[PDB]
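Listed here are the chains, written in short residue letters.
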Amino acid sequence: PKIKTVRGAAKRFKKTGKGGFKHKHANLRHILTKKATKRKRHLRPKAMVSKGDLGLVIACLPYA
Amino acid sequence: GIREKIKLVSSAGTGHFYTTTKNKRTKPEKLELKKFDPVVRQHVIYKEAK
Amino acid sequence: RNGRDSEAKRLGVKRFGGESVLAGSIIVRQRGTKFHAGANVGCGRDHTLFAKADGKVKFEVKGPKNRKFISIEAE
Amino acid sequence: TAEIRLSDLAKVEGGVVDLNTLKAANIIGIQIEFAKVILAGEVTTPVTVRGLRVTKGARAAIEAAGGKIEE
RNA sequence: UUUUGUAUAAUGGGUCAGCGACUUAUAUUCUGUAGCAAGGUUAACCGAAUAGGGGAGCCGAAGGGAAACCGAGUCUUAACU
RNA sequence: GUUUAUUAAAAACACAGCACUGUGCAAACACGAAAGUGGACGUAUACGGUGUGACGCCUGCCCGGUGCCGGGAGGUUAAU
RNA sequence: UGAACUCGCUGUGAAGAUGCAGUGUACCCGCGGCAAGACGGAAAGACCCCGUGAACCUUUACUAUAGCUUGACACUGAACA
RNA sequence: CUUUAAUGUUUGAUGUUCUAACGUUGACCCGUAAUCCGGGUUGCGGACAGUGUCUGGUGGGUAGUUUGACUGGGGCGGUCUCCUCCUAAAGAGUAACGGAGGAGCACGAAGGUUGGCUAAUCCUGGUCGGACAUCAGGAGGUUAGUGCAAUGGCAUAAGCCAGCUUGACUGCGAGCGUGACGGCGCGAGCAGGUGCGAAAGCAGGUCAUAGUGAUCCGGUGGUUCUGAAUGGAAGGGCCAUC
């Protein structure tokens, strides 16, 4: 049987031109009054997945 | 955390708002600070609101 | 009742004298002011020392209190 | 929706391009309904596109080649 | 064999003969090799049939963005030295 | 008298007696998806459950808590 | 029952040596006895701990449910106050 | 409208009577030499009881499961995240159920800017007043102070006072530090629009280091981005936030 992609991962990473993955920072959901505006601004743009976790990601969704 | 959080609503028509904290009992008076409004790009008075 | 501790904040000097640095590089991490910023060196709200221009970092002593200053020479 | 390379744009039928027969040309797919033209280069024969979207590159390319754009 | 460490008084075996443990299917990634090459390849099925048909489809040459959409640019922003 | 057949036969279990409680008979209760059986071809001097354990002298105080029984003003409270 | 051409002592040693070091003693091989040793034989310790193991039992642990009980609707109607 | 009273209407709780549903493990007859069962006749109950669906309560009667780790065996006790110093061996880092302490906040000002000022502890004099209040002079030179434990810093003051204010602002951010990662910290400079100052300039919270919680699932506001025939909406997405 063909590999089953992890649905959770598929909703959190997209393939890019050079095979990397982009995601959204995990600190901009709630409890935002106490967070400085500078920190919130930096977390808004998407970020590339680190090399260490790249191996885990590609295994989770080998079809994208 | 006896001090609680509030929301400042821009007096202008735009719905942009800020958030902060204050002690109700010590200073139950409203806050009318003038702050920048990105939607209209002007400094306007923000009225405290729930 | 003891046994509590805080994780190390890795303070100290990051770039030493005679070392070329790029603008915005952090030279010293400190709590107070071990070193005072000189020419082309800025002091952050955390008292961190950063270079405002590209050059070699230099240490020296000035002031009546023999305090230690950090500057950048554009060379 | 799909993007049509400028290279294969002249490979559909002679020198006429239209939404129809692209599926016959098999360069987009039967299900694809919308279509756009992208700058791929290496286009020589003049072509005509009807109902497509040719933004800036292919538009200059076909116009220099001798094509035309119409809706 | 297991351990930092065993002649160990730690474990296992009385001996011989026979049997006894990294396999298979289907997907995906990488390496080697072969074919073709901006093209590559067919699946089911048809077939006096490992041939030949069948190009539905899949992968690739174009990406950016949540998306509309835009396009060798794109997003972010009122707008970017 | 009974019991751990196969390391414990006892102070354990049972016991006659005593008390509490349920049950008006299509009884309570038990076995059954149900029918139907047991209780009983009995029906309160009977039957079930529970505790105590011949007999003699007795069995004191407490109803807050947890149960059980009875009451009902007010509050709360599902489906609809 | 790994194989043995299977001594004592002191020391060393995975820390209690027939097997190592040093030293002492001992012709080869049976039989009848004793039971100190071969951490002797029998039983993958019941003790203790571990396993995000299991099984039974308990309750004012969690979530459920048989049973018991309340009401609404249905089977379920007709006349009076 | 406040305040009343006939007839008709929707009716519902309650009570009484009746029987034709239903009950009868009452009697008699028949099928039938039958304590079952069915039918008939009659009596007694009777719209109750009982059963089905829905629903509240009760429910170890029964069932499925849970009941942490560290640990100088385990249990008991204590600890679990974050901040300060020491251990830590002059970069960074560095363990122990090693030795000492704190934090889960506070502040529209205690923030920003401008202007000004400079303590502790002692000596001499002086109504109450005295060791220790306030006043004047001197010594002293940070032994003070710094919203909160500790360390480091701070006279250009980061300490104290006053004026005017909201830069505790929005979009970015070269380049760095820090971690396995998630992440966290520093940041000149650019654009827009502000505050203070004559001006150069300063201001993207607080002398710095604790004052914090990922994701999921949801709530509130904005935005035609999407909206499964089309036009809308619902629901998602994005931004802000709980």
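The deposited coordinates derive from cryo-EM, with the record listing a resolution of 2.64 Å.

The PDB entry lists chain D under the name Large ribosomal subunit protein uL15, with Escherichia coli given as the organism.

Looking up chain B in the PDB entry gives the name Large ribosomal subunit protein bL33, with the organism given as Escherichia coli. Turning to chain B, the UniProt annotation filed under Subunit (literature references left out) states: "Part of the 50S ribosomal subunit. Cross-links to the P and E site tRNAs." Looking at chain B in UniProt, the text filed under Sequence similarities is "Belongs to the bacterial ribosomal protein bL33 family."

Q: Could you give me a rundown of the sheet that holds strand 4 (residues 48–50) of chain D, with the residues and numbers involved?
A: Residue and element names in this part refer to chain D. Strand order across the open sheet formed by 3 strands is 2-4-5, with parallel pairing between neighbours. Lying at the two open borders of the sheet, with one neighbouring strand each, are strand 2 (16–18) and strand 5 (68–70). Taken pair by pair, the neighbouring strands of this sheet meet at an average axis angle of 15°, ignoring direction. The pairing of strand 2 with strand 4 spans 3 bridges and is classified as parallel. The partner of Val16 across the bridge, within strand 4, is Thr48.

Q: Describe the sheet that holds strand 3 (residues 34–37) of chain B, listing the residues and the values that go with them.
A: Residues and elements named next belong to chain B. Taken together, 4 strands build an open sheet; the order of strands is 2-1-4-3 and the sheet is antiparallel. A strand with exactly one partner marks an edge of an open sheet, and here the two such strands are strand 2 (17–22) and strand 3. Taken over all neighbouring pairs, the strand axes of this sheet differ in orientation by 45° on average, direction set aside. The sheet contact formed by strand 1 (residues 4–10) and strand 2 spans 6 bridges and is antiparallel. Looking at the pairing, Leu8 lines up with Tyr18 of strand 2.

Q: So, the packing of aromatic side chains: which residues are in play, and what are the values?
A: Under the counting rule described, the total for this entry stands at 3 aromatic pairs over all chains. On the basis of an interplanar angle of 85° and a centroid distance of 5.7 Å, the ring pair of C:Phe35 and C:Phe59 is categorised as edge-to-face. Taken together, the residues C:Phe35 in strand 4 (residues 35–37) and C:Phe59 in strand 7 (residues 55–62) connect sequence positions 24 residues apart. Looking at B:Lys7, its charged tip hangs above the ring of B:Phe17, at a distance of 4.6 Å from the centre. Positioned above the aromatic ring of C:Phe69 is the side chain of C:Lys62, whose terminal nitrogen or guanidinium carbon lies 4.6 Å from the ring centre.

Q: Requested: an account of the nonpolar core, with residues and values cited.
A: D:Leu6, D:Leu9, D:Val17 and D:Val37 are the most contacted members of the largest nonpolar core, which totals 19 residues. If you look at the next biggest cluster of nonpolar residues, it comprises 10 residues, including C:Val21, C:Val28, C:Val41 and C:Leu49.

Q: Can you lay out the side chain of A:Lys35 for me, pointing to particular residues and giving the numbers?
A: For A:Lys35, the location among the structural elements is in the loop between strand 2 (21–23) and helix 2 (37–43). The buried charged residue A:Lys35 lacks any salt bridge, with C:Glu7 as its nearest oppositely charged partner at 18 Å. A polar atom in the side chain of A:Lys35 sits 2.5 Å from the backbone oxygen of A:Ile31. The residues contacting A:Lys35, other than those within four sequence positions of it, are A:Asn27, A:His30 and A:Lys40.

Quick notes on the rules
- Residues numbered from 1 in each chain as written, not as in the entry; some residues may be left out.
- Chains lettered and ligands numbered in written order.
- Part of a larger assembly, values for the part shown.
- Heavy atoms only, no water.
- UniProt positions renumbered as here; feature names shortened; annotations may be inferred.
- Pairing = 2+ DSSP bridges.
- Helix = DSSP H or I, 4+ residues; strand = E, 2+ residues; numbered from the N terminus.
- Axes fitted to C-alpha atoms, helices over the stretch in contact; angles between N-to-C directions.
- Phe/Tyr/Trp six-rings, centres within 6.5 Å; stacked < 30°, edge-to-face > 60°.
- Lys NZ or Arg CZ within 6 Å of the ring centre and 35° of its normal.
- Core = buried A, V, L, I, M, F, W, Y, C linked by side-chain atoms within 4.5 Å.
- Buried < 20%, exposed > 50% of the residue type's maximum accessible area, 1.4 Å probe, protein only.
- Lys, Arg positive; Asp, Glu negative; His and termini not counted.
- Salt bridge = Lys/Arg side-chain N within 4 Å of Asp/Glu carboxyl O.
- Polar contact = N/O pair within 3.5 Å; in protein donor to acceptor, adjacent residues only side chain to side chain.
- Contact = heavy atoms within 4.5 Å.

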